[PDB]
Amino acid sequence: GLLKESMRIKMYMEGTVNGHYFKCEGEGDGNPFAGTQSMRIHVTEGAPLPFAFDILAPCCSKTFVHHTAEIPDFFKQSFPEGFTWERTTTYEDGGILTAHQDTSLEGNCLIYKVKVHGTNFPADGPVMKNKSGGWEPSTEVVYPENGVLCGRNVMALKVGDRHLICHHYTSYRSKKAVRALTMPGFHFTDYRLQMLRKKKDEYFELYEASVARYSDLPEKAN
């Protein structure tokens, strides 16, 4: 078992949102097979963040997805080489956040290097006014395109009693040769990302559960 039922996580993230530079460091832990994980994040440069960390939380880990129904596991198959991902997230009120990430494995420790770039968040919107209240659960659509795994997702940011919708466009690339990977079929991945604590716009505690699965609806023969 190259992955253990308890893993450490170390994350290094930097970037800008509406021109505001930040750097933070995360340390976390999780069970890759149960699909559960947590992370503590400290903003070491650019604190206090003048925007909602909610927009950075989904940049902070698909080794920790519980795979059901024998769905091949693109991410766990990628080790020891690891994998990368790229995402564009569009917010319906104008914000755009791109991110790219490198995932590597050193012994018991997964290591994440993330670069983010957010632009055009409206100055009076809930992101820049820092008035959001976490994410709803979501369900990602996942499917192969050659040797690359593609993802699409609708996410809903809680803003008071209403929602601000954004759209995920993600590509996951293995550092293993496509020859040595068994790609999944089309499937879904459920997520529930929770922010358990936040302090002074410089400290955040995350928890995430994730499950890969097929549609629950029966398929009518004909």
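Numbers for residues come from their place in the sequence shown, where the first is 1.
Unmodelled residues of the deposited sequence between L181 and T182: none, the chain being continuous. The PDB entry records a higher mean C-alpha B factor for 144-152 than for its counterpart among 144-152 and 87-95. Averaged over their C-alpha atoms, the temperature factors of 33-41 and 165-173 are higher for 33-41. In this PDB entry, the Cα temperature factor of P126 sits in the bottom third of its chain's modelled residues, the lowest group.
In this PDB entry, the Cα temperature factor of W135 sits in the bottom third of its chain's modelled residues, the lowest group. Per the PDB record, residue ranking by Cα B-factor puts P50 in the middle third of the chain.
Ranked by C-alpha B-factor against the other modelled residues of its chain, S78 falls in the highest third. For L56, the recorded CA temperature factor ranks within the lowest third of the chain's modelled residues.
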